[PDB]
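Undergrad: If it helps, the file is called protein-v5.cif and holds mmCIF, N, CA and C atoms:
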data_coords
#
loop_
_atom_site.label_atom_id
_atom_site.label_comp_id
_atom_site.auth_asym_id
_atom_site.auth_seq_id
_atom_site.Cartn_x
_atom_site.Cartn_y
_atom_site.Cartn_z
N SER A 266 93.13 63.53 52.41
CA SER A 266 91.79 63.10 52.74
C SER A 266 90.75 64.10 52.31
N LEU A 267 90.99 64.85 51.24
CA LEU A 267 89.94 65.71 50.72
C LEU A 267 89.08 64.94 49.73
N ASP A 268 89.59 63.81 49.24
CA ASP A 268 88.87 62.98 48.29
C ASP A 268 89.33 61.53 48.40
N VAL A 269 88.39 60.62 48.25
CA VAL A 269 88.65 59.19 48.41
C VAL A 269 88.66 58.54 47.03
N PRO A 270 89.65 57.67 46.69
CA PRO A 270 89.68 57.09 45.35
C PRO A 270 88.64 56.01 45.19
N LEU A 271 88.29 55.67 43.95
CA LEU A 271 87.12 54.85 43.69
C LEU A 271 87.38 53.38 43.95
N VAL A 272 88.64 52.97 43.98
CA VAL A 272 88.94 51.57 44.25
C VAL A 272 88.81 51.29 45.74
N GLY A 273 89.06 52.31 46.56
CA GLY A 273 89.00 52.14 48.01
C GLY A 273 87.59 52.03 48.54
N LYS A 274 86.63 52.70 47.89
CA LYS A 274 85.23 52.59 48.27
C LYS A 274 84.65 51.23 47.91
N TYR A 275 85.04 50.70 46.76
CA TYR A 275 84.54 49.41 46.32
C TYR A 275 85.18 48.27 47.10
N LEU A 276 86.45 48.43 47.49
CA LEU A 276 87.10 47.43 48.31
C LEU A 276 86.60 47.45 49.75
N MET A 277 86.23 48.63 50.26
CA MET A 277 85.73 48.68 51.62
C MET A 277 84.29 48.17 51.71
N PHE A 278 83.52 48.31 50.63
CA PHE A 278 82.17 47.76 50.63
C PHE A 278 82.17 46.26 50.44
N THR A 279 83.14 45.72 49.69
CA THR A 279 83.17 44.26 49.61
C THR A 279 83.81 43.63 50.85
N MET A 280 84.57 44.41 51.63
CA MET A 280 85.02 43.91 52.94
C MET A 280 83.88 43.85 53.95
N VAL A 281 82.96 44.83 53.88
CA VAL A 281 81.77 44.84 54.75
C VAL A 281 80.81 43.69 54.40
N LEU A 282 80.70 43.36 53.11
CA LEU A 282 79.84 42.23 52.72
C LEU A 282 80.47 40.88 53.06
N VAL A 283 81.80 40.80 53.09
CA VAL A 283 82.43 39.55 53.50
C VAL A 283 82.34 39.34 55.03
N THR A 284 82.34 40.42 55.84
CA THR A 284 82.15 40.18 57.28
C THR A 284 80.68 39.93 57.64
N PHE A 285 79.75 40.34 56.78
CA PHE A 285 78.37 39.91 56.96
C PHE A 285 78.20 38.44 56.59
N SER A 286 79.01 37.97 55.63
CA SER A 286 78.99 36.57 55.27
C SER A 286 79.60 35.66 56.33
N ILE A 287 80.60 36.13 57.09
CA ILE A 287 81.16 35.27 58.14
C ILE A 287 80.22 35.19 59.36
N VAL A 288 79.42 36.25 59.62
CA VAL A 288 78.43 36.14 60.71
C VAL A 288 77.25 35.22 60.33
N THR A 289 76.78 35.29 59.07
CA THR A 289 75.71 34.35 58.69
C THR A 289 76.22 32.94 58.41
N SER A 290 77.53 32.77 58.18
CA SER A 290 78.05 31.43 58.01
C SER A 290 78.24 30.72 59.34
N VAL A 291 78.55 31.48 60.40
CA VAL A 291 78.63 30.88 61.74
C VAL A 291 77.24 30.50 62.25
N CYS A 292 76.21 31.29 61.88
CA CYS A 292 74.84 30.93 62.27
C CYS A 292 74.29 29.71 61.52
N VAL A 293 74.66 29.56 60.24
CA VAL A 293 74.28 28.38 59.45
C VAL A 293 75.00 27.13 59.95
N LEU A 294 76.26 27.29 60.37
CA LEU A 294 77.01 26.15 60.88
C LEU A 294 76.58 25.74 62.29
N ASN A 295 75.97 26.65 63.06
CA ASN A 295 75.43 26.19 64.33
C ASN A 295 74.07 25.52 64.15
N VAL A 296 73.28 25.98 63.17
CA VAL A 296 71.97 25.37 62.94
C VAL A 296 72.09 23.98 62.30
N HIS A 297 73.18 23.73 61.57
CA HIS A 297 73.41 22.43 60.94
C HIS A 297 73.78 21.34 61.94
N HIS A 298 74.55 21.67 62.96
CA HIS A 298 75.05 20.63 63.84
C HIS A 298 74.19 20.39 65.06
N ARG A 299 72.88 20.58 64.95
CA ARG A 299 71.99 20.24 66.04
C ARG A 299 71.59 18.77 65.96
N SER A 300 70.73 18.37 66.88
CA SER A 300 70.52 16.99 67.26
C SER A 300 69.27 16.93 68.11
N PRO A 301 68.54 15.80 68.11
CA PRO A 301 67.27 15.78 68.86
C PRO A 301 67.42 15.66 70.36
N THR A 302 68.59 15.27 70.87
CA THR A 302 68.74 15.23 72.33
C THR A 302 69.04 16.60 72.90
N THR A 303 69.48 17.54 72.07
CA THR A 303 69.86 18.85 72.58
C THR A 303 68.91 19.95 72.15
N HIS A 304 68.06 19.71 71.17
CA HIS A 304 67.32 20.81 70.59
C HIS A 304 65.87 20.42 70.35
N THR A 305 65.07 21.42 69.98
CA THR A 305 63.64 21.40 70.22
C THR A 305 62.77 21.23 68.99
N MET A 306 63.13 21.93 67.91
CA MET A 306 62.42 21.89 66.60
C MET A 306 60.94 22.25 66.80
N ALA A 307 60.65 23.54 66.96
CA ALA A 307 59.27 24.05 67.15
C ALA A 307 58.49 23.91 65.84
N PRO A 308 57.14 23.83 65.87
CA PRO A 308 56.34 23.68 64.65
C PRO A 308 56.57 24.86 63.71
N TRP A 309 56.66 26.08 64.26
CA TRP A 309 56.91 27.30 63.44
C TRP A 309 58.12 27.06 62.54
N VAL A 310 59.14 26.36 63.04
CA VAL A 310 60.34 26.09 62.23
C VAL A 310 60.04 25.11 61.10
N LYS A 311 59.21 24.10 61.39
CA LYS A 311 58.77 23.12 60.40
C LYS A 311 57.85 23.73 59.34
N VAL A 312 56.89 24.56 59.76
CA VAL A 312 55.92 25.04 58.78
C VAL A 312 56.39 26.34 58.13
N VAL A 313 57.56 26.86 58.51
CA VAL A 313 58.07 28.01 57.76
C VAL A 313 59.36 27.64 57.03
N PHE A 314 59.97 26.50 57.35
CA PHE A 314 61.20 26.16 56.64
C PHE A 314 61.07 24.90 55.82
N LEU A 315 59.97 24.17 55.94
CA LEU A 315 59.70 23.12 54.98
C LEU A 315 58.49 23.47 54.11
N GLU A 316 58.20 24.76 53.97
CA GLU A 316 57.10 25.30 53.19
C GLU A 316 57.52 26.53 52.37
N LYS A 317 58.61 27.19 52.77
CA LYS A 317 59.13 28.38 52.10
C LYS A 317 59.71 28.09 50.74
N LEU A 318 60.53 27.03 50.67
CA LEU A 318 61.39 26.67 49.54
C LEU A 318 60.79 26.56 48.13
N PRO A 319 59.46 26.37 47.91
CA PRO A 319 58.95 26.68 46.56
C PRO A 319 58.81 28.16 46.23
N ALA A 320 59.07 29.09 47.16
CA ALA A 320 59.35 30.45 46.72
C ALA A 320 60.79 30.59 46.27
N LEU A 321 61.65 29.64 46.63
CA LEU A 321 63.02 29.62 46.16
C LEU A 321 63.18 28.92 44.82
N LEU A 322 62.10 28.30 44.32
CA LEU A 322 62.11 27.18 43.36
C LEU A 322 63.08 26.08 43.80
N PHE A 323 63.00 25.71 45.06
CA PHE A 323 63.70 24.59 45.65
C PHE A 323 62.69 23.52 46.02
N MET A 324 62.94 22.30 45.57
CA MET A 324 61.98 21.23 45.76
C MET A 324 62.65 20.07 46.48
N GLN A 325 61.83 19.22 47.08
CA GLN A 325 62.32 18.10 47.87
C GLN A 325 62.82 16.95 47.00
N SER A 333 63.79 10.13 61.12
CA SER A 333 65.01 10.93 61.10
C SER A 333 64.72 12.39 61.41
N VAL A 334 65.29 12.88 62.52
CA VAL A 334 65.29 14.31 62.80
C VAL A 334 66.67 14.87 62.50
N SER A 335 67.67 13.99 62.44
CA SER A 335 69.03 14.42 62.14
C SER A 335 69.26 14.63 60.65
N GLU A 336 68.33 14.19 59.80
CA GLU A 336 68.25 14.75 58.46
C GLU A 336 67.44 16.04 58.48
N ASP A 337 66.51 16.14 59.43
CA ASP A 337 65.51 17.18 59.34
C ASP A 337 66.02 18.49 59.90
N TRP A 338 67.12 18.47 60.65
CA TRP A 338 67.84 19.72 60.88
C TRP A 338 68.71 20.06 59.70
N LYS A 339 69.23 19.05 59.01
CA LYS A 339 70.19 19.28 57.95
C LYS A 339 69.53 19.78 56.68
N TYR A 340 68.22 19.65 56.57
CA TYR A 340 67.54 20.24 55.44
C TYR A 340 67.11 21.66 55.75
N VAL A 341 67.12 22.04 57.03
CA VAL A 341 66.90 23.44 57.36
C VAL A 341 68.14 24.25 57.03
N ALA A 342 69.30 23.66 57.25
CA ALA A 342 70.54 24.40 57.05
C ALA A 342 70.97 24.41 55.59
N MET A 343 70.32 23.61 54.76
CA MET A 343 70.52 23.76 53.33
C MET A 343 69.73 24.95 52.81
N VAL A 344 68.60 25.25 53.45
CA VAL A 344 67.66 26.15 52.80
C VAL A 344 67.82 27.57 53.33
N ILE A 345 68.55 27.75 54.43
CA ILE A 345 68.71 29.11 54.94
C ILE A 345 69.83 29.82 54.19
N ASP A 346 70.93 29.12 53.88
CA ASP A 346 72.02 29.81 53.21
C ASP A 346 71.78 29.88 51.71
N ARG A 347 70.89 29.03 51.20
CA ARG A 347 70.54 29.12 49.79
C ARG A 347 69.53 30.23 49.55
N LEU A 348 68.87 30.68 50.61
CA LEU A 348 68.18 31.96 50.56
C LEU A 348 69.18 33.10 50.50
N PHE A 349 70.33 32.93 51.16
CA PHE A 349 71.31 34.00 51.20
C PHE A 349 72.15 34.06 49.93
N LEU A 350 72.09 33.04 49.09
CA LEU A 350 72.82 33.10 47.83
C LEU A 350 72.11 34.00 46.84
N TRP A 351 70.79 34.13 46.95
CA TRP A 351 70.09 35.03 46.04
C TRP A 351 70.23 36.47 46.47
N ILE A 352 70.34 36.72 47.77
CA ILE A 352 70.35 38.11 48.20
C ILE A 352 71.76 38.62 48.41
N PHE A 353 72.78 37.88 47.98
CA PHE A 353 74.07 38.51 47.76
C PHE A 353 74.38 38.66 46.29
N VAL A 354 73.77 37.85 45.43
CA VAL A 354 73.99 38.01 43.99
C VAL A 354 73.19 39.21 43.48
N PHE A 355 72.09 39.54 44.15
CA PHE A 355 71.33 40.74 43.78
C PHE A 355 72.00 42.02 44.28
N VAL A 356 72.95 41.91 45.21
CA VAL A 356 73.73 43.07 45.64
C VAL A 356 75.01 43.17 44.81
N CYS A 357 75.56 42.03 44.38
CA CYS A 357 76.82 42.00 43.64
C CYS A 357 76.64 42.47 42.20
N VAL A 358 75.45 42.27 41.63
CA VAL A 358 75.16 42.88 40.34
C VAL A 358 74.81 44.35 40.53
N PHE A 359 74.26 44.71 41.70
CA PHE A 359 73.95 46.11 42.01
C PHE A 359 75.23 46.92 42.28
N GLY A 360 76.29 46.25 42.73
CA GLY A 360 77.52 46.97 43.06
C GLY A 360 78.36 47.32 41.85
N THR A 361 78.01 46.77 40.68
CA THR A 361 78.68 47.17 39.45
C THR A 361 77.82 48.18 38.69
N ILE A 362 76.52 48.24 39.00
CA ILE A 362 75.68 49.31 38.45
C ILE A 362 75.56 50.44 39.48
N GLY A 363 76.35 50.37 40.55
CA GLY A 363 76.68 51.57 41.30
C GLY A 363 77.87 52.31 40.72
N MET A 364 78.51 51.74 39.69
CA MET A 364 79.63 52.39 39.02
C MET A 364 79.17 53.24 37.85
N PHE A 365 77.96 52.99 37.35
CA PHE A 365 77.51 53.63 36.11
C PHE A 365 76.36 54.59 36.35
N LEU B 390 68.85 8.25 73.99
CA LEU B 390 68.60 7.38 72.84
C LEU B 390 67.14 7.45 72.41
N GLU B 391 66.82 8.33 71.46
CA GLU B 391 65.42 8.59 71.12
C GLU B 391 65.00 7.97 69.79
N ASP B 392 65.67 8.33 68.70
CA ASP B 392 65.28 7.87 67.38
C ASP B 392 65.81 6.48 67.05
N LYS B 393 66.71 5.95 67.86
CA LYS B 393 66.91 4.51 67.87
C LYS B 393 65.68 3.89 68.53
N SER B 394 65.08 2.92 67.86
CA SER B 394 63.79 2.27 68.04
C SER B 394 63.77 1.49 69.36
N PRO B 395 62.61 1.32 70.01
CA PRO B 395 62.60 0.61 71.31
C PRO B 395 62.81 -0.90 71.25
N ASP B 396 62.78 -1.51 70.06
CA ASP B 396 63.11 -2.91 69.90
C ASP B 396 64.55 -3.16 69.48
N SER B 397 65.36 -2.11 69.41
CA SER B 397 66.76 -2.25 69.05
C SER B 397 67.54 -2.81 70.23
N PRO B 398 68.71 -3.43 69.99
CA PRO B 398 69.54 -3.88 71.13
C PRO B 398 70.30 -2.77 71.87
N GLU B 399 70.24 -1.52 71.40
CA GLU B 399 70.52 -0.38 72.26
C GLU B 399 69.54 -0.33 73.42
N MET B 400 68.25 -0.47 73.12
CA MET B 400 67.24 -0.41 74.15
C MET B 400 67.15 -1.72 74.92
N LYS B 401 67.59 -2.82 74.33
CA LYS B 401 67.40 -4.11 74.97
C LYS B 401 68.46 -4.36 76.02
N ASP B 402 69.68 -3.84 75.81
CA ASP B 402 70.74 -3.99 76.80
C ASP B 402 70.50 -3.08 78.00
N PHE B 403 69.79 -1.97 77.78
CA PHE B 403 69.18 -1.22 78.87
C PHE B 403 68.12 -2.05 79.58
N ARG B 404 67.32 -2.80 78.82
CA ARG B 404 66.27 -3.57 79.46
C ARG B 404 66.78 -4.91 79.96
N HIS B 405 68.00 -5.30 79.54
CA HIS B 405 68.61 -6.50 80.11
C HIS B 405 69.13 -6.24 81.51
N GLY B 406 69.52 -5.00 81.80
CA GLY B 406 70.05 -4.72 83.12
C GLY B 406 68.97 -4.55 84.17
N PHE B 407 67.75 -4.25 83.73
CA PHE B 407 66.72 -3.85 84.67
C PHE B 407 65.85 -5.00 85.14
N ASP B 408 66.22 -6.24 84.84
CA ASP B 408 65.57 -7.32 85.57
C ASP B 408 66.44 -7.77 86.74
N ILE B 409 67.72 -7.38 86.71
CA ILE B 409 68.65 -7.73 87.78
C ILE B 409 68.35 -6.90 89.02
N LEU B 410 67.86 -5.67 88.83
CA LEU B 410 67.70 -4.74 89.94
C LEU B 410 66.46 -5.05 90.75
N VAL B 411 65.51 -5.76 90.17
CA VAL B 411 64.46 -6.36 90.97
C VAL B 411 65.00 -7.57 91.70
N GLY B 412 65.89 -8.32 91.03
CA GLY B 412 66.36 -9.57 91.59
C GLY B 412 67.41 -9.39 92.66
N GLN B 413 68.05 -8.23 92.70
CA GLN B 413 68.92 -7.93 93.82
C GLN B 413 68.12 -7.40 95.01
N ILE B 414 66.91 -6.90 94.76
CA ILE B 414 65.97 -6.72 95.86
C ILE B 414 65.36 -8.07 96.22
N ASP B 415 65.25 -8.96 95.23
CA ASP B 415 64.81 -10.33 95.53
C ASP B 415 65.97 -11.20 96.01
N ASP B 416 67.20 -10.70 95.96
CA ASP B 416 68.26 -11.28 96.77
C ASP B 416 68.22 -10.68 98.17
N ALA B 417 67.79 -9.41 98.28
CA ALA B 417 67.71 -8.76 99.58
C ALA B 417 66.48 -9.19 100.36
N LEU B 418 65.34 -9.39 99.70
CA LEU B 418 64.14 -9.80 100.41
C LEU B 418 64.14 -11.29 100.71
N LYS B 419 65.01 -12.05 100.03
CA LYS B 419 65.18 -13.47 100.30
C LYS B 419 65.73 -13.72 101.69
N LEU B 420 66.73 -12.94 102.09
CA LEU B 420 67.27 -13.08 103.43
C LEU B 420 66.45 -12.28 104.43
N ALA B 421 65.58 -11.39 103.96
CA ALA B 421 64.84 -10.52 104.87
C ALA B 421 63.63 -11.22 105.45
N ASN B 422 63.25 -12.38 104.90
CA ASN B 422 62.08 -13.10 105.38
C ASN B 422 62.36 -13.85 106.67
N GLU B 423 63.63 -14.01 107.04
CA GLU B 423 64.03 -14.33 108.39
C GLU B 423 64.15 -13.07 109.26
N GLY B 424 64.42 -11.92 108.66
CA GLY B 424 64.62 -10.72 109.43
C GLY B 424 66.00 -10.56 110.03
N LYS B 425 66.97 -11.36 109.58
CA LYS B 425 68.37 -11.24 110.00
C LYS B 425 68.93 -9.97 109.37
N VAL B 426 69.44 -9.09 110.23
CA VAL B 426 69.61 -7.68 109.87
C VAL B 426 70.88 -7.50 109.05
N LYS B 427 71.94 -8.23 109.41
CA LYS B 427 73.22 -8.10 108.72
C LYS B 427 73.21 -8.84 107.39
N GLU B 428 72.31 -9.81 107.25
CA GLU B 428 72.12 -10.45 105.95
C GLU B 428 71.08 -9.71 105.13
N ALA B 429 70.27 -8.88 105.78
CA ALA B 429 69.56 -7.85 105.04
C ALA B 429 70.47 -6.66 104.75
N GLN B 430 71.57 -6.52 105.50
CA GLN B 430 72.56 -5.51 105.15
C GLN B 430 73.67 -6.10 104.30
N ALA B 431 73.57 -7.39 103.96
CA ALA B 431 74.56 -7.97 103.05
C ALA B 431 74.27 -7.56 101.61
N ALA B 432 73.00 -7.38 101.27
CA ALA B 432 72.66 -6.95 99.92
C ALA B 432 72.36 -5.46 99.87
N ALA B 433 72.41 -4.79 101.03
CA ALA B 433 72.15 -3.36 101.06
C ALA B 433 73.32 -2.56 100.53
N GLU B 434 74.53 -3.11 100.61
CA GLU B 434 75.68 -2.46 100.01
C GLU B 434 75.89 -2.94 98.59
N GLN B 435 75.10 -3.92 98.16
CA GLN B 435 75.23 -4.49 96.82
C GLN B 435 74.54 -3.64 95.77
N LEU B 436 73.51 -2.89 96.17
CA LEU B 436 72.65 -2.25 95.18
C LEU B 436 73.27 -0.99 94.61
N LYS B 437 74.28 -0.43 95.27
CA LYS B 437 75.00 0.69 94.69
C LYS B 437 75.95 0.23 93.59
N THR B 438 76.35 -1.05 93.64
CA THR B 438 77.34 -1.57 92.71
C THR B 438 76.73 -1.81 91.33
#
Just dump the structure as structure tokens.
TA:
Amino acid sequence: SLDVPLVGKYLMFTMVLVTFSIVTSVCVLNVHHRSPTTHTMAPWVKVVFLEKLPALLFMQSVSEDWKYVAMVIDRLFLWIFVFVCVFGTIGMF
Amino acid sequence: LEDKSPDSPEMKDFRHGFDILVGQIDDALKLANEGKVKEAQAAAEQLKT
């Protein structure tokens, strides 16, 4: 343990990013399965999640209207893991 | 039942039951106009059913 090999650091960092993905995947799966008899849908949620998506270049019933929130939260997370995954190979150079 | 519309037969079978509950009071007040107590208690056990 005087020195750590380079494959072990890269494997331990991609294990940390996969357990961050399972915590945000459980949160996306709870937000998808809501319903108007059990949940509230505040205006802040409407005007920040049906207005954000042209910063994503993403373009366009309450039980559809929860399901379009859960499409747009994890598709925000697809950009901010690909910007780390290209950064993790230029941490090698 | 919220986003199912109020003219749907989900809402109508709810509204089909709620004319009976006036009429079981109108079965109860029918015998009550004599004031016979046990026939006013004949429909008093009916309304829980």
Undergrad: Determine, for each residue of chain A having at least one atom at most 8 Å from an atom of chain B, the closest pair of atoms and their separation in Å to one decimal, counting all atoms listed in the file; order by chain and ascending number, as JSON lines.
TA:
{"residue": "A:301", "atom": "C", "partner": "B:391", "partner_atom": "CA", "distance": 7.4}
{"residue": "A:302", "atom": "CA", "partner": "B:390", "partner_atom": "N", "distance": 7.2}
{"residue": "A:333", "atom": "N", "partner": "B:392", "partner_atom": "CA", "distance": 6.8}
{"residue": "A:334", "atom": "N", "partner": "B:392", "partner_atom": "CA", "distance": 7.0}
Undergrad: Report, in Å to a single decimal, how far apart atom CA of residue A:339 and atom CA of residue A:283 are.
TA: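 Separation between atom CA of residue A:283 and atom CA of residue A:339: 24.1 Å.
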Undergrad: Show me a table, sorted first by chain and then by increasing residue number, of the residues of stretch 278-325 of chain A having an atom at most 10 Å from stretch 354-364 of chain A, each with its shortest atom pair and the distance in Å to one decimal, counting only C-alpha atoms and written as a tab-separated table.
TA:
residue	atom	partner	partner_atom	distance
A:278	CA	A:360	CA	8.9
A:279	CA	A:357	CA	9.0
A:282	CA	A:356	CA	9.4
Undergrad: Export N, CA and C atoms of the chosen residues as a PDB file, in the frame of the given file?
TA:
ATOM      1  N   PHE A 278      83.520  48.310  50.630  1.00  0.00           N
ATOM      2  CA  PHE A 278      82.170  47.760  50.630  1.00  0.00           C
ATOM      3  C   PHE A 278      82.170  46.260  50.440  1.00  0.00           C
ATOM      4  N   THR A 279      83.140  45.720  49.690  1.00  0.00           N
ATOM      5  CA  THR A 279      83.170  44.260  49.610  1.00  0.00           C
ATOM      6  C   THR A 279      83.810  43.630  50.850  1.00  0.00           C
ATOM      7  N   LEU A 282      80.700  43.360  53.110  1.00  0.00           N
ATOM      8  CA  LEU A 282      79.840  42.230  52.720  1.00  0.00           C
ATOM      9  C   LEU A 282      80.470  40.880  53.060  1.00  0.00           C
TER      10      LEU A 282
END
Undergrad: Distance atom CA of residue A:293-atom CA of residue A:345, one decimal place?
TA: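 If I compute the distance from atom CA of residue A:293 to atom CA of residue A:345, I get 7.2 Å.
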Undergrad: Decode the PyMOL selection byres (((chain A and resi 320-322 and name CA) around 10) and name CA) for the given file into explicit residues and return them as a VMD selection string.
TA: chain A and resid 316 to 319 323 to 324 344 347 to 348 351
Undergrad: Quick check, in Å to one decimal: how far apart do atom N of residue B:437 and atom C of residue B:395 lie?
TA: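 Computed distance, atom N of residue B:437 to atom C of residue B:395, equals 26.6 Å.
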Undergrad: Using DSSP on the backbone, list every residue of chain A that comes out as alpha helix (DSSP H), and give them as JSON, numbers by chain.
TA: {"A": [271, 272, 273, 274, 275, 276, 277, 278, 279, 280, 281, 282, 283, 284, 285, 286, 287, 288, 289, 290, 291, 292, 293, 294, 295, 296, 297, 308, 309, 310, 311, 312, 313, 314, 341, 342, 343, 344, 345, 346, 347, 348, 349, 351, 352, 353, 354, 355, 356, 357]}
Undergrad: Centre and edge lengths, as AutoDock Vina command-line options, for the axis-aligned box enclosing every listed atom of stretch 390-400 of chain B with 3 Å of padding on each of the six sides, in Å to one decimal?
TA:
--center_x 66.6 --center_y 2.4 --center_z 71.0 --size_x 13.9 --size_y 18.5 --size_z 13.9
Undergrad: I need the residue set behind the PyMOL selection byres (((chain A and resi 298 and name CA) around 12) and name CA) for this file; please write it as a ChimeraX atom specification.
TA: /A:291-297,299-304,334-343
Undergrad: Residues near residue B:430, anyone? I mean within 8 Å using all atoms listed in the file, not counting same-chain ones fewer than 5 positions away, as a list in words.
TA: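 So the residues in contact are residues 417, 420, 421, 425 and 435 of chain B.
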Undergrad: Counting only C-alpha atoms, what is within 12 Å of residue B:410, bar same-chain residues fewer than 4 positions away, as a ChimeraX atom specification?
TA: /B:403-406,414-417,432,435-438
